[PDB]
Amino acid sequence: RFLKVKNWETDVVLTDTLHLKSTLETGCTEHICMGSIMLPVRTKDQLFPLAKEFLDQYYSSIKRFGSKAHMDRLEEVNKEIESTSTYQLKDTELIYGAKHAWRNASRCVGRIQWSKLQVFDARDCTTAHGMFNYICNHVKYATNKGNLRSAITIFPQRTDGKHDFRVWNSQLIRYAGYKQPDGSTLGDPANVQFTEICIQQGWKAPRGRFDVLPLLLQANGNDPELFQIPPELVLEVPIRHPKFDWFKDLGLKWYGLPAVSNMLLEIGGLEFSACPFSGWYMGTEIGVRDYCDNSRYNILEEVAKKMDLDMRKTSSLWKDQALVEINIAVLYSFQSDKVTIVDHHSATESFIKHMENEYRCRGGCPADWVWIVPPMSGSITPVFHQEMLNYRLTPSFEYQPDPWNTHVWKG
Amino acid sequence: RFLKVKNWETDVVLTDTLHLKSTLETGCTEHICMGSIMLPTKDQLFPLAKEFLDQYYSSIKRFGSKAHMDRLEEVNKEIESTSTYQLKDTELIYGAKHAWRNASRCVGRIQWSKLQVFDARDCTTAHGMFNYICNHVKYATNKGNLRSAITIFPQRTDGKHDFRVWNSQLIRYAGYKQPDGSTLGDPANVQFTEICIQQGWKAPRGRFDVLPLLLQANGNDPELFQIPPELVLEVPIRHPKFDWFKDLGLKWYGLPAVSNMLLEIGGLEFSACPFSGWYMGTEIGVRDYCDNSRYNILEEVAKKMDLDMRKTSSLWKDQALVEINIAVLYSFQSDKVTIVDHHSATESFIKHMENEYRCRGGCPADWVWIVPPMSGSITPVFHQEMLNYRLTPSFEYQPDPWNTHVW
Ligand code: HEM
Ligand code: HEM
Ligand SMILES: CNCCc1cccc(OCc2ccc3ccc(N)nc3c2)c1
Ligand SMILES: CNCCc1cccc(OCc2ccc3ccc(N)nc3c2)c1
Ligand SMILES: C[C@H](O)[C@H](O)[C@H]1CNc2nc(N)[nH]c(=O)c2N1
Ligand SMILES: C[C@H](O)[C@H](O)[C@H]1CNc2nc(N)[nH]c(=O)c2N1
Ligand SMILES: [Zn+2]
Numbered sequence: 299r300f301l302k303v304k305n306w307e308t309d310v311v312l313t314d315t316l317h318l319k320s321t322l323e324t325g326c327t328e329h330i331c332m333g334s335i336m337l338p348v349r350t351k352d353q354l355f356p357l358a359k360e361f362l363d364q365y366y367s368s369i370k371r372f373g374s375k376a377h378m379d380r381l382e383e384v385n386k387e388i389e390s391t392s393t394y395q396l397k398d399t400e401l402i403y404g405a406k407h408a409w410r411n412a413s414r415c416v417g418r419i420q421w422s423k424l425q426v427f428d429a430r431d432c433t434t435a436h437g438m439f440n441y442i443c444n445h446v447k448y449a450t451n452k453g454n455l456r457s458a459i460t461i462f463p464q465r466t467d468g469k470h471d472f473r474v475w476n477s478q479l480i481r482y483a484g485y486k487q488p489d490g491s492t493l494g495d496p497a498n499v500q501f502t503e504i505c506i507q508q509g510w511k512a513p514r515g516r517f518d519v520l521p522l523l524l525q526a527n528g529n530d531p532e533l534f535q536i537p538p539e540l541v542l543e544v545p546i547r548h549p550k551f552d553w554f555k556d557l558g559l560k561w562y563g564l565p566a567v568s569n570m571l572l573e574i575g576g577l578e579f580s581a582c583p584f585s586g587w588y589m590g591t592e593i594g595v596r597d598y599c600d601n602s603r604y605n606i607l608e609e610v611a612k613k614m615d616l617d618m619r620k621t622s623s624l625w626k627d628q629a630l631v632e633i634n635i636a637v638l639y640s641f642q643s644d645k646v647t648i649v650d651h652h653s654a655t656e657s658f659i660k661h662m663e664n665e666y667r668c669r670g671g672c673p674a675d676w677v678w679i680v681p682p683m684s685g686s687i688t689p690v691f692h693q694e695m696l697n698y699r700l701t702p703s704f705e706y707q708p709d710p711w712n713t714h715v716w717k718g
Numbered sequence: 299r300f301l302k303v304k305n306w307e308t309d310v311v312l313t314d315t316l317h318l319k320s321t322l323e324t325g326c327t328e329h330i331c332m333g334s335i336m337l338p350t351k352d353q354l355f356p357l358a359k360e361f362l363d364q365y366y367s368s369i370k371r372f373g374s375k376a377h378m379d380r381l382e383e384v385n386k387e388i389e390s391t392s393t394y395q396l397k398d399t400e401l402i403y404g405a406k407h408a409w410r411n412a413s414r415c416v417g418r419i420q421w422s423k424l425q426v427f428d429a430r431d432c433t434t435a436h437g438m439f440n441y442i443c444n445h446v447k448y449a450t451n452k453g454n455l456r457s458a459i460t461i462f463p464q465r466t467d468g469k470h471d472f473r474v475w476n477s478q479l480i481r482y483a484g485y486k487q488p489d490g491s492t493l494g495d496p497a498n499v500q501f502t503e504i505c506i507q508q509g510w511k512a513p514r515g516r517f518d519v520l521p522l523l524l525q526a527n528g529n530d531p532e533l534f535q536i537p538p539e540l541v542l543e544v545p546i547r548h549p550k551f552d553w554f555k556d557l558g559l560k561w562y563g564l565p566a567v568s569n570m571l572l573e574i575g576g577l578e579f580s581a582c583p584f585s586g587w588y589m590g591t592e593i594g595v596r597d598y599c600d601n602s603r604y605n606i607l608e609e610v611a612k613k614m615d616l617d618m619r620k621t622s623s624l625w626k627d628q629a630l631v632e633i634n635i636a637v638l639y640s641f642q643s644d645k646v647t648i649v650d651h652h653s654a655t656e657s658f659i660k661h662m663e664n665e666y667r668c669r670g671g672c673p674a675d676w677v678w679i680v681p682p683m684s685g686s687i688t689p690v691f692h693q694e695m696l697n698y699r700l701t702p703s704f705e706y707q708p709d710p711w712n713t714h715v716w
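Residue numbers (UniProt numbering), protein chains in the order written: chain B, 299 to 338, 348 to 718; chain L, 299 to 338, 350 to 716.
Next comes the structure, spelled out in structure tokens:
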């Protein structure tokens, strides 16, 4: 079966065959589309075809499908599974898997970069102190003095689900959020619940507006431990505006390195529950979502006031005007400090090129329109007019429940 | 089988049961989502009618009544006899309002029950259609105090006697391909602006020439009519601050009147059902003006603002996009023509969505279309999970008549 997607702006039509290699469920049916729903212990039974499917993929990619190397590897994995109930990936396979999980991430607009991923193998890690060391090294490597480099560090895979490695932080670097008795929030409201746990776990909170949260690290199913990232490793950028001098006095800054640390990496049926990865920011992530979401720092108004906008009627678009100036300031600040960032026009333009290349070289590119379109100025980016097909390929990044909701406490 | 949708800004959770009454197909499967794809007999008819009469009689608290059962037999008898059937006015109005209510892509559905339905099923000719369309336009326009309206022409019989309005909208600006290479007027209508000529129109080859109507009655060849200019309410576009904005020489019409959709009620097909409401500002300023394959004046506005158009990172496009949209809203509000901003309209829609979940058990919604084309995440709908499914009565797309007309 063939599927065609049309760019309504260029009339370019593409043909998808890759969706045939799709296994996992979308959430949708003939009768309902769940395309806007945010988030819609394995027996040897279902493990071998998963491993085999992965190894067939891997060996096809290295032009060795059906080789003796391929066949012996299937045999070895087969024997390891029935003997030990799981298996170990070679380094080559692990790197391939991690890159392809990113390549397959249908909500990621930054996928043009997928083949340049530095993969750090942390599978020999046994303790939280070990995890901290690996993560420090990741951050130092990734940050690279502002010249950001994509990287992923992969901790040991799940076994029985009782000895999981988990990074409890949703991102390696994030600001604390504190709920005040009067109902207001100090810092990042997105992090209030996590900040609380940290505090309960013995973190002494500075209680400022931009306190970098400690790492809360769980090795081998043991209770998580607190670690402070060395501040010299946390690259931060003071936000200023190129025309508005009062903007700096808002006292804003943001960290340079977006490093998502709560997702699960699935490769050949193996589950890596702690696999922090990082790239670099698209400006709107900070300027639109992190500062302007009503459920975040929500500074739209204070910016709007300082611009002396007509804030009486929404039809003055004061919210839209403030939003743009803030995003201008984020991009200005990062570029001025030589910290890698990409604006949404550049990023979506790149993604379109990537996508067309993928259709050609791969037979498709799974893409979630809902996430790919930037949170501002959607229709003046080329992705907006781009029809996209969403389907799930493995290897993949998956969500997993927050660890504090599932963790069995030792003491 | 009972579905929950979360709003991520408010944690408000809604439970949908209404999707269970869905009948048509989405284009999606368990293995692939097509959420971002724009366009995915005597025996067929009676269950379709039954289904409709069932919901109709339920809506008036007379499900399981003599009248219900009697109407059911009558329609059934009329079907087996005539191979189709006629709706009663009450049912027709009900069906039209519910087609709007069920339009998952429409952010303006909070207004769904205030729809003026104009029964034009007695119409036989293009001149007749023209008369009805002029009356619709005058009524809907209301000197700027816009009112929602639909005019419904005779239902399809056998696909040979189709009533069709060939325009995509009752009011749209001409577009001509220059010898220069680019495009004069509206690029979206170049192919239509041509068919008008190829049928006999005489373009003032201008930039904002109101297109003539091309009206097809009873399957016959379509005929050109000029909408009386005095019925076409237009708004000169100025900015409340950029005095140079006027010189760009832009205007737009007040009445968005979509005329190429097919209205399906109780199995019956109304191929000609032009309907109109009023604009959300972003439809004109974001899409009509700033789309690359439309008026595409972003660059020109940016220059007059003397923004740094050297690198995309200055966000000059975004900056200009906003000013343009401020001007549109300002221009309509000034001239006392109904318009709604995307903030108001999405806020209205969340409320409508709440109401529908309460009083109906759900509200089919297409996030891809509901979220406005600018500033999406600072509107409440961006953080709103939505379920998309097809309920009937409904508006459907239909092929362009020229591709299909048996001349
Ligand atoms: C290198 C530059 C990168 C850019 C500019 C970028 C950009 C983005 C953006 C803007 C999103 C949407 C996030 C949101 O709005 O919350 C996203 C999602 C995502 N990205 Fe990328 N990304 C980059 C690198 C990476 C890397 C290195 C990985 C993994 C190795 C990755 C994997 C993902 C995944 C799995 C999602 C979906 C998250 C979810 O489903 O919640 N990205 N990306
Ligand atoms: C009264 C004020 C109204 C507002 C503010 C409004 C708003 C909108 C907007 C912004 C869209 C997306 C259009 C686009 O971006 O191209 C839309 C779509 C739609 N509207 Fe409404 N609308 C209104 C009235 C109506 C009425 C009166 C009807 C029918 C009785 C209707 C039926 C539809 C349908 C069927 C679509 C989907 C069109 C498609 O699938 O291509 N709307 N609406
Ligand atoms: C603001 N939307 C957050 C919703 C959400 C929920 C769970 C995970 C999640 O990850 C977003 C995400 C993931 C990977 C990224 C990689 C690079 C980058 N610049 N942003 C990235 C952003 C995002
Ligand atoms: C710019 N998108 C155009 C795609 C498209 C194709 C076919 C029909 C169509 O209708 C949009 C539409 C329908 C009804 C409307 C009612 C009111 C309003 N302000 N806009 C409305 C807009 C829209
Ligand atoms: C490819 C994509 O489906 C297409 O550009 C859609 C996206 N969302 C839209 N949303 C609205 N409201 N109107 C549109 O015309 C479109 N076009
Ligand atoms: C309900 C909806 O799916 C949710 O708000 C999504 C919308 N699109 C998004 N798109 C991106 N890139 N990031 C997001 O967090 C979201 N949130
Ligand atoms: Zn879907």
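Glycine residues also receive a C-beta, built at the ideal position from the N, C-alpha and C atoms.
For residue i, the three-state DSSP class (helix, strand or coil)
| i | result |
| --- | --- |
| L:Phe300 | coil |
| L:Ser684 | coil |
| B:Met589 | strand |
| L:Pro710 | helix |
| B:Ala435 | helix |
| L:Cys582 | coil |
Contact belief for residue i with residue j at Cβ below 8 Å, rounded distance in angstroms
| i | j | result |
| --- | --- | --- |
| L:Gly575 | L:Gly404 | 7 Å |
| residue 344 of chain L | L:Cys432 | Because chain L is numbered 338 and then 350 with no intervening positions, residue 344 of chain L cannot be located in this model. |
| L:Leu607 | B:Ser684 | The Cβ separation is near 11 Å, so there is no contact. |
| B:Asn712 | B:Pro673 | Actually they do not touch by this definition, with Cβ atoms about 29 Å apart. |
| L:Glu694 | B:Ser334 | 5 Å |
Beta-carbon proximity of residue i to residue j, cut-off 9 Å
| i | j | result |
| --- | --- | --- |
| B:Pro682 | B:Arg596 | yes |
| L:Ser585 | L:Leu401 | no |
| L:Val677 | L:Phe691 | no |
| B:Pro702 | B:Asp471 | no |
| L:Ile480 | L:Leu564 | yes |
| B:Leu493 | B:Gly509 | no |
| B:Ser622 | L:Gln425 | no |
| L:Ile659 | L:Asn305 | yes |
| L:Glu705 | L:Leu577 | no |
| L:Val519 | L:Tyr588 | no |
| L:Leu700 | L:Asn498 | no |
Residue i CB to nearest heavy atom of ligand 2 below 8 Å
| i | result |
| --- | --- |
| L:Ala674 | no |
Closer than 8 Å: residue i CB and nearest ligand 5 heavy atom
| i | result |
| --- | --- |
| B:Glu694 | yes |
| L:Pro682 | yes |
Cβ-heavy atom distance, residue i to ligand 1, below 8 Å
| i | result |
| --- | --- |
| L:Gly685 | no |
| B:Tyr403 | no |
| B:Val677 | no |
Residue i Cβ short of 8 Å to ligand 3 heavy atom set
| i | result |
| --- | --- |
| B:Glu592 | yes |
| B:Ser580 | no |
Residue i CB to nearest heavy atom of ligand 6 below 8 Å
| i | result |
| --- | --- |
| B:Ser334 | yes |
Closer than 8 Å: residue i CB and nearest ligand 4 heavy atom
| i | result |
| --- | --- |
| L:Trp421 | no |
Legend entry - contact_flag[the stretch 541 to 561 of chain B, the stretch 630 to 649 of chain B] where n(CB pairs < 8 Å) is 3 or more: Segment contact: the stretch 541 to 561 of chain B against the stretch 630 to 649 of chain B, three or more CB-CB distances shorter than 8 Å; contact assigned.
Inset, instruction - Could you tell me whether the stretch 511 to 524 of chain B touches the stretch 464 to 483 of chain B, using the rule of 3 or more Cβ pairs below 8 Å? - result: Contact holds: three or more Cβ-Cβ distances are below 8 Å.
Legend entry - Inter-stretch contact (C-beta, 8 Å, three-pair minimum) for the stretch 374 to 391 of chain B and the stretch 356 to 366 of chain B: The stretch 374 to 391 of chain B vs the stretch 356 to 366 of chain B: in contact.
Inset, instruction - Pair every Cβ in the stretch 449 to 468 of chain L with every Cβ in the stretch 488 to 505 of chain L, then say whether three or more of these pairs are closer than 8 Å. - result: Between the stretch 449 to 468 of chain L and the stretch 488 to 505 of chain L there are fewer than three inter-stretch CB-CB distances shorter than 8 Å, so the stretches are not counted as touching.
Legend entry - Any 3 or more C-beta pairs closer than 8 Å across the stretch 319 to 331 of chain L and the stretch 319 to 338 of chain B: Touching, per the Cβ criterion.
Inset, instruction - Count the C-beta pairs between the stretch 643 to 658 of chain L and the stretch 311 to 319 of chain B that are closer than 8 Å, then say yes if the count reaches three, no if not. - result: A contact between stretches requires three or more CB pairs, one per stretch, nearer than 8 Å, and the stretch 643 to 658 of chain L fails this requirement with the stretch 311 to 319 of chain B.
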